[PDB]
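Numbering of ligands and ligand atoms starts at 1, following listing order. Starting from 1, each residue takes its place in the sequence as its number.
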Amino acid sequence: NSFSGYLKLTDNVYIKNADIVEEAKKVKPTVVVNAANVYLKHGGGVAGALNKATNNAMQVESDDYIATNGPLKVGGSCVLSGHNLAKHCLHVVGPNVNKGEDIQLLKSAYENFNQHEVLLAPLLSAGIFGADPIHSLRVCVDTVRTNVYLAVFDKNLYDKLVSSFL
Ligand SMILES: O=C(O)[C@@H]1CCC[C@H]1c1ccc2cccnc2c1
C-alpha cells in the first residue's frame with residue numbers, strides 16, 4: 001500500500017494516470033480489484049491484462065473457483081489470491097450495460113469495495129462493459145466509503161475525470 005503520485009479527489013478516492021498492472025507489481029497492495037465477468041474468464045480489458053501479468057495463474061485458480069462454487073452474480077464479488085500482484089484479488093462484476101444489464105447494479109458492484117480498508121482498482125463497467133467512465137467515477141464516489149486508489153491507463157480519460165471532478 002505504498003502508493004505514490006496520486007491526486008486526492010474526495011476524503012477517500014485517489015486517482016493516478018497509471019497502468020494498474022505496473023502499480024500492482026511495484027506496490028504489492030493488500031487488495032487489487034479485477035473488473036471481472038460472472039464466469040471469471042479473463043479474456044480482455046483489465047482482466048486480460050491482470051491475468052497475463054500472472055502468466056495465467058489467475059485463470060487456473062479462477063476456473064477451479066467456478067467449478068466448485070459456480071458463477072458470480074452481476075454486482076457480486078469473490079476474493080482469490082493476488083499471486084505476484086497483491087496479497088488478494090477482489091474479482092468484482094459490474095453490469096455490462098451493452099448487453100442490457102442494469103446500470104443500477106454498478107452501485108452494488110462498488111459496494112463490495114467497502115469490505116476492504118484499502119484497494120488498488122480500475123473504473124468498473126467502463127471500457128468493454130460500455131458504461132460512461134465519468135458516470136462510473138461518480139458512482140464510485142457516491143458509494144465507496146473505504147480508501148480507493150484508482151489507476152486510469154488512458155491519459156485523455158484521466159485528464160477528463162480530473163477536470164470533471166475538480
Ligand atoms: O483506465 C482506463 O483507461 C480504462 C478505463 C476502464 C478500464 C481501464 C483499463 C486499465 C488498464 C488496462 C490495461 C489493458 C487493457 N485495458 C485496460 C483498461
To check your reading of the model: name the closest protein heavy atom to atom 7 (C) of ligand 1, its residue, and the distance in Å.
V46 CG2, 3.8 Å

One finds that the ligand 1 atoms under 4.0 Å from a non-hydrogen atom of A126 are 6 (C)

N37 side chain to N96 side chain, donor-acceptor N/O pair below 3.5 angstrom
no

Taking atom types as modelled, is there a side-chain donor on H42 or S62 under 3.5 Å from an acceptor on the other?
yes

Among all protein heavy atoms, pick the one closest to atom 13 (C) of ligand 1 and tell me residue, atom and distance.
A49 CB, 3.9 Å

N/O of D154 under 3.5 Å from N/O of ligand 1, yes or no?
yes

Decide whether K8 and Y14 meet the rule of one side-chain donor and one side-chain acceptor closer than 3.5 Å.
yes

Any side-chain heavy atom of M58 sitting closer than 4.5 Å to one from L80?
no

Minimum-distance protein heavy atom relative to atom 15 (C) of ligand 1
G45 O, 3.6 Å

What do you reckon, does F153 have a nitrogen or oxygen under 3.5 Å from a nitrogen or oxygen of ligand 1?
yes

Validation row: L166, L7 side chains within 4.5 angstrom (heavy atoms):
yes

Does the protein put a heavy atom under 4.0 Å from atom 18 (C) of ligand 1?
yes

Distance, nearest 0.5 Å, that separates CG of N98 from OG of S125:
10.0 Å

